[PDB]
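Okay, so the sequence shown: first residue is 32 according to PDB author numbering, each after it adds one.
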Amino acid sequence: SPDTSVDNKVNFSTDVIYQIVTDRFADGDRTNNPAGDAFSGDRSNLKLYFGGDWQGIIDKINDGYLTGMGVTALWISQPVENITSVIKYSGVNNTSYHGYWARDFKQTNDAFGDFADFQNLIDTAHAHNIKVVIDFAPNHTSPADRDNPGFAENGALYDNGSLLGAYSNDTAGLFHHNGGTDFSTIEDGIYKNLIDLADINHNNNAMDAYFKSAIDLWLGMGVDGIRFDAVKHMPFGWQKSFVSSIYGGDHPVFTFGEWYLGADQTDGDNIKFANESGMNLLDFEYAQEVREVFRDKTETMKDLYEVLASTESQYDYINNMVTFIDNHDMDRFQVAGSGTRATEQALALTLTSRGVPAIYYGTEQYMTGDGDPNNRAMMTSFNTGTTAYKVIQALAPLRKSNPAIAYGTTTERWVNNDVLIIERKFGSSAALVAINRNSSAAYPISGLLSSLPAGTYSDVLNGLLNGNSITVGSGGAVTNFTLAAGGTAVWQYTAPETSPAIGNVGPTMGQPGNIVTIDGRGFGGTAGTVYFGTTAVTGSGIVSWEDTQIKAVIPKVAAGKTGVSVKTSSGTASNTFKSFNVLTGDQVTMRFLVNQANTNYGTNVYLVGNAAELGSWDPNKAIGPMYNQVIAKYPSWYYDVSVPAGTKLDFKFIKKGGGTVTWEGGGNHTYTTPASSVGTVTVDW
Ligand SMILES: [Ca+2]
Ligand SMILES: [Ca+2]
Numbered sequence: 032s033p034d035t036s037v038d039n040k041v042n043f044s045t046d047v048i049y050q051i052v053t054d055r056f057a058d059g060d061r062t063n064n065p066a067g068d069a070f071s072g073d074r075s076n077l078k079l080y081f082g083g084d085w086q087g088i089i090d091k092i093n094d095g096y097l098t099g100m101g102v103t104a105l106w107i108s109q110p111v112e113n114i115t116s117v118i119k120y121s122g123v124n125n126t127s128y129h130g131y132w133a134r135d136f137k138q139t140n141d142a143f144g145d146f147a148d149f150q151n152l153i154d155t156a157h158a159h160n161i162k163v164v165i166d167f168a169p170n171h172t173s174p175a176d177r178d179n180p181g182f183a184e185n186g187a188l189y190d191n192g193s194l195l196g197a198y199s200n201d202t203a204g205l206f207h208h209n210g211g212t213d214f215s216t217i218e219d220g221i222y223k224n225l226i227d228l229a230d231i232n233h234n235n236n237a238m239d240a241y242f243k244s245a246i247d248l249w250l251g252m253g254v255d256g257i258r259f260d261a262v263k264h265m266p267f268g269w270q271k272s273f274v275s276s277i278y279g280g281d282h283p284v285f286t287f288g289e290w291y292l293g294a295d296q297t298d299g300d301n302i303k304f305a306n307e308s309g310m311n312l313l314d315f316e317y318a319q320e321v322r323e324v325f326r327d328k329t330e331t332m333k334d335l336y337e338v339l340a341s342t343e344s345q346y347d348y349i350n351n352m353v354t355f356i357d358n359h360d361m362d363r364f365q366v367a368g369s370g371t372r373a374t375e376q377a378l379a380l381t382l383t384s385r386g387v388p389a390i391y392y393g394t395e396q397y398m399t400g401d402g403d404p405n406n407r408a409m410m411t412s413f414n415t416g417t418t419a420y421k422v423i424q425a426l427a428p429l430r431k432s433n434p435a436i437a438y439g440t441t442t443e444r445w446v447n448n449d450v451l452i453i454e455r456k457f458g459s460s461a462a463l464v465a466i467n468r469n470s471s472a473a474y475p476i477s478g479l480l481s482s483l484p485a486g487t488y489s490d491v492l493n494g495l496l497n498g499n500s501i502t503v504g505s506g507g508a509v510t511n512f513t514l515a516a517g518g519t520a521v522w523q524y525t526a527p528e529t530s531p532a533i534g535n536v537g538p539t540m541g542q543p544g545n546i547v548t549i550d551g552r553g554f555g556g557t558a559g560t561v562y563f564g565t566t567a568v569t570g571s572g573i574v575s576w577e578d579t580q581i582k583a584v585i586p587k588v589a590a591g592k593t594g595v596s597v598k599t600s601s602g603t604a605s606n607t608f609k610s611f612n613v614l615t616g617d618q619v620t621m622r623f624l625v626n627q628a629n630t631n632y633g634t635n636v637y638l639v640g641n642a643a644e645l646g647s648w649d650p651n652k653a654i655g656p657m658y659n660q661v662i663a664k665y666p667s668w669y670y671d672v673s674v675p676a677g678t679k680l681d682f683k684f685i686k687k688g689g690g691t692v693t694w695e696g697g698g699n700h701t702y703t704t705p706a707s708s709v710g711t712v713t714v715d716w
């Protein structure tokens with residue numbers, strides 16, 4: 032019912048995610064353990080199955096290990112059936128333990144359990160108010176070789192046991208056959224194989240339908256969130272249409288994707304994906320910068336806040352960034368022969384910061400290991416007494432209880448090279464967080480200002496990380512104190528909101544008829560009005576209404592970016608959630624292709640049309656730059672675009688750069704989009 036409820040599948044900023052590599056977390060059922068070469072009994076080969084399953088997770092929920100930490104969501108390995116064959120790479124045996132080598136997206140990986148096991152995991156988690164997020168990897172199926180059918184499983188794809196087809200002899204065109212990618216461009220990495228992985232062709236209608244069906248299966252079993260694998264290597268348009276189909280169905284859920292960024296890297300396409308796909312993102316800029324600041328000491332606190340500010344400016348839905356300090360693919364945050372205080376401070380900062388915190392399993396046990404196999408060792412122990420465990424336990428519930436943590440702005444209150452003092456603020460609630468990474472020197476803090484009411488505040492950590500109490504006078508003036516070496520402290524004030532305040536609106540994208548969720552404070556107990564721009568949604572369009580959450584139906588309003596506001600039964604208006612993207616209607620994925628479009632160096636072909644999805648004839652909102660290399664070759668340009676289904680589209684192609692805008696010749700192009708299926712249209716310049 033409320034924003035903090037486990038039933039709120041759509042918004043996650045009040046949550047704390049715990050990422051589990053299923054096979055490496057706990058073996059609760061040795062019966063479903065793979066036999067033979069696929070299994071490593073003595074755990075000497077980190078590429079084989081160890082035996083971790085869903086039963087183990089269940090046990091760790093029941094005996095209180097996971098619940099004691101205050102984690103409220105579990106992000107687990109892809110649950111779908113994987114190949115069961117052992118593949119040798121460079122002499123070493125490899126299995127599908129990681130769950131990314133899919134065989135059947137409508138069945139379970141028997142090593143993890145069966146559908147009854149999975150339903151029991153969902154049920155146990157939900158019973159303990161814990162959400163369940165699954166990894167989902169629709170980019171590919173498994174390692175394959177066209178001219179060598181005997182290798183691996185040949186990337187075979189089954190539909191509930193029924194063979195849809197393999198990489199060799201792909202008469203249907205289920206997969207891409209454009210070779211392997213060199214990661215030189217986005218385009219090259221989208222329509223080619225990642226290493227040997229059989230790249231799915233989502234322009235094939237059977238595949239679009241198949242994956243929509245599969246994900247609807249898993250959501251139908253009560254899954255609360257999806258982590259999309261390799262979103263950088265699938266078309267933007269297809270993914271937009273896909274999550275659009277999810278949002279328009281029975282189970283709107285929180286979605287976020289993996290778009291890798293290196294250290295000190297910002298990427299316009301990454302930003303555009305986060306802002307306009309309808310899917311959110313793992314926060315790699317945050318992660319890398321925190322690693323640099325606390326773990327490697329190649330950056331300072333000042334740099335860190337600069338990244339906080341720049342990400343704040345870049346991303347439109349900053350409360351949806353899934354933050355983290357490491358992951359299966361990174362070196363463990365704990366360096367062998369290093370203090371554990373680094374980990375603890377990084378954790379505190381993450382737990383109190385904007386977005387959706389995600390904690391990699393074993394982090395609280397200071398597990399070490401560099402590289403893809405070594406960072407995925409078996410869970411070392413379930414010690415509840417570690418300092419990191421207690422840090423998570425102390426700070427995670429604040430995301431539920433304090434609106435400043437979950438929805439608040441972020442403000443720099445003090446900065447050294449060694450010291451970061453940040454304030455989160457939401458209405459009358461606030462949280463002040465102080466961190467000193469210097470392990471030898473304490474820093475006197477004087478002249479600190481806050482939004483905390485007068486009075487004394489104790490450290491929420493209770494000095495667990497050498498934190499201290501503070502006294503606050505009038506005007507938010509904090510009386511002088513000394514931040515101890517390696518010190519970390521959290522002070523906070525939660526107040527009841529007496530005026531409507533929106534913290535988040537999910538999903539961020541939808542067609543008329545979709546149910547959106549609006550979380551916040553002071554909405555009142557009686558149904559008011561929900562506004563999309565100036566367009567009003569009255570009581571019938573209100574699915575539900577209470578003080579911290581409103582569920583409403585998207586009204587038939589002009590498509591495009593739109594502010595969402597709220598008005599109480601009294602008639603009191605709220606703040607406005609910026610940039611909610613209203614869709615024209617249900618979406619299909621159209622491949623636009625245009626031939627004989629010649630351009631000089633520096634000029635690109637773009638697409639404009641009469642729908643908002645096509646920019647509404649605005650060349651600044653044009654779709655592009657289009658591709659000209661893999662699916663089709665220059666001077667042919669192509670692009671996969673999410674467009675309204677069953678809609679008569681009018682459109683032109685343009686040439687930009689300079690921008691000397693050049694429009695196409697004479698009359699517009701006209702095409703009627705398929706009602707349900709993906710499609711392709713081909714024209715000449
Ligand atoms: Ca097992
Ligand atoms: Ca791909």
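C-beta: ideal position from N, C-alpha, C; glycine also.
Legend entry - Separation of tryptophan 522 from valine 422, as counted between CA atoms: A straight-line Cα-Cα distance of about 14 Å links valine 422 and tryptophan 522.
Inset, instruction - Within its chain, find whatever has a CB closer than 7 Å to the CB of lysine 582; leave out the 5 residues flanking it on each side and keep chain order. - result: A distance below 7 Å between beta-carbons, with the five flanking residues on each side excluded, links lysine 582 to the following residues of its chain, in chain order: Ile546, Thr548, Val574, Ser575.
Inset, instruction - Kindly identify the DSSP beta-bridge partner or partners of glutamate 395. - result: Note: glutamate 395 sits in no beta bridge, so no partner.
Legend entry - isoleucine 217 beta carbon near ligand 2 (any heavy atom closer than 7 Å): No, the Cβ of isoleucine 217 stays beyond 7 Å of every heavy atom of ligand 2.
Inset, instruction - Put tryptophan 716 into one of helix, strand or coil per three-state DSSP. - result: DSSP places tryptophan 716 outside both helix and strand once states are collapsed to three, so it counts as coil.
Legend entry - With 16 other Cβ atoms within 10 Å as the buried cut-off, status of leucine 194: Exposed, since its Cβ has fewer than 16 Cβ neighbours within 10 Å.
Inset, instruction - Could you say which of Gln424, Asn301, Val625 lies nearest to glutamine 345 if we only look at CA atoms? - result: Checked all of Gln424, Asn301, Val625; the closest Cα to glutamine 345 is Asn301.
Inset, instruction - Check whether the region 42-61 touches the region 388-396, counting contact only when three or more Cβ pairs, one atom from each stretch, lie closer than 8 Å. - result: Yes, the region 42-61 touches the region 388-396.
Inset, instruction - For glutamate 289, count neighbouring Cβ atoms within 10 angstroms of its own Cβ and tell me buried if that reaches 16, exposed if not. - result: By the neighbour-count rule (16 or more Cβ atoms within 10 Å), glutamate 289 is buried.
Inset, instruction - Locate the alpha helix (DSSP H) running through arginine 430, then write down its first and last residues. - result: Looking at the DSSP string, the run of the alpha helix (DSSP H) that includes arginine 430 is 429-432.
Legend entry - Same chain, Cβ closer than 6 Å to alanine 526, neighbours up to 5 away in sequence not counted: Excluding sequence neighbours, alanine 526 sits near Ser459, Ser460.
Inset, instruction - Between the Cα of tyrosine 702 and those of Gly83, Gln109, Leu645, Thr565, spot the shortest distance and give me the residue it belongs to. - result: It is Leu645 whose Cα lies nearest to the Cα of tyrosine 702.
Inset, instruction - For the beta strand (DSSP E) containing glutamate 337, list its first residue and its last residue. - result: Secondary structure note for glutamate 337: it is in no beta strand (DSSP E), and the uninterrupted alpha helix (DSSP H) holding it is 332-345.
Inset, instruction - Indicate the three-state DSSP secondary structure (helix, strand or coil) for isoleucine 89 in the structure shown. - result: Correct three-state label for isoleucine 89: helix.
Legend entry - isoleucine 221 beta carbon near ligand 2 (any heavy atom closer than 7 Å): For ligand 2, at least one heavy atom lies less than 7 Å from the Cβ of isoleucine 221.
Inset, instruction - In the DSSP assignment, find the beta strand (DSSP E) that holds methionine 621 and state where it starts and stops. - result: Element bounds for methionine 621: 618-626.
Legend entry - Cβ-heavy atom distance, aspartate 58 to ligand 1, below 7 Å: Taking non-hydrogen atoms of ligand 1 into account, the C-beta of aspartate 58 is found less than 7 Å away from one of them.
Legend entry - C-beta contact flag for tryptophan 668 and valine 714 at 8 Å: Not a contact, by the Cβ cut-off of 8 Å.
Inset, instruction - Could you tell me whether any non-hydrogen atom of ligand 2 is closer than 7 Å to the CB of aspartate 213? - result: Checking the Cβ of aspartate 213 against ligand 2 gives no.
Legend entry - With 16 other Cβ atoms within 10 Å as the buried cut-off, status of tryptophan 269: Buried, by the Cβ-count rule.
Legend entry - Near ligand 1: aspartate 84 beta-carbon under 7 Å from a heavy atom: Taking 7 Å as the cut-off, the C-beta of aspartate 84 counts as close to a heavy atom of ligand 1.
Inset, instruction - Please report how far the alpha carbon of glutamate 218 lies from the alpha carbon of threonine 286, in whole angstroms. - result: A direct Cα-to-Cα measurement between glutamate 218 and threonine 286 gives close to 23 Å.
Legend entry - Sub-8 Å separation of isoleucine 246 and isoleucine 277 beta-carbons: The Cβ-Cβ distance between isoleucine 246 and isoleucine 277 falls below 8 Å.
Inset, instruction - Rank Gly95, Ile452, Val619, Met310 by C-alpha distance to the C-alpha of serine 708 and give the top, closest one. - result: Checking every option, the nearest Cα to that of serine 708 belongs to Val619.
Legend entry - Opening and closing residue of the alpha helix (DSSP H) in which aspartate 190 lies: First-last for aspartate 190: 188-190, but that is the beta strand (DSSP E), not the alpha helix (DSSP H).
Inset, instruction - Return the residue from the list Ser647, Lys687, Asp681 that minimises the CA-CA distance to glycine 655. - result: Residue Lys687 is the option with its Cα nearest to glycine 655.
Legend entry - For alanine 508: DSSP bridge partner residues: According to DSSP, which records beta bridges pairwise, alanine 508 is partnered with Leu480.
Legend entry - Under 8 Å between C-beta atoms of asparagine 140 and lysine 78: No, they are not a contact pair.
Inset, instruction - Kindly indicate the opening and closing residues of the alpha helix (DSSP H) around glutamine 150. - result: Following the DSSP letters along the chain, one finds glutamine 150 inside the alpha helix (DSSP H) bounded by residues 146-158.
Legend entry - Residues that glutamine 138 bridges to, as DSSP identifies them: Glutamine 138 is bridged by DSSP to nothing; it lacks a bridge partner.
Inset, instruction - With DSSP as the reference, label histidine 264 as helix, strand or coil. - result: Secondary structure of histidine 264 (DSSP, three-state): helix.
Legend entry - Simplified DSSP state of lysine 243, which is helix, strand or coil: Helix, per DSSP.
Legend entry - Three-state class that DSSP yields for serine 571 in the structure shown: The answer is helix: DSSP assigns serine 571 an H, G or I state.
Legend entry - Short Cβ contact (8 Å threshold) for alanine 305 with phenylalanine 355: Taking the C-beta atoms as reference points, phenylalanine 355 is found no nearer than 8 Å to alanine 305.
Inset, instruction - Take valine 111 as the anchor and find which of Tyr198, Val47, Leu250 has the nearest alpha-carbon. - result: The shortest Cα separation from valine 111 among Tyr198, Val47, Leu250 belongs to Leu250.
Legend entry - Contact test: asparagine 170 Cβ vs ligand 2 heavy atom, cutoff 7 Å: Yes, the beta carbon of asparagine 170 sits closer than 7 Å to at least one heavy atom of ligand 2.
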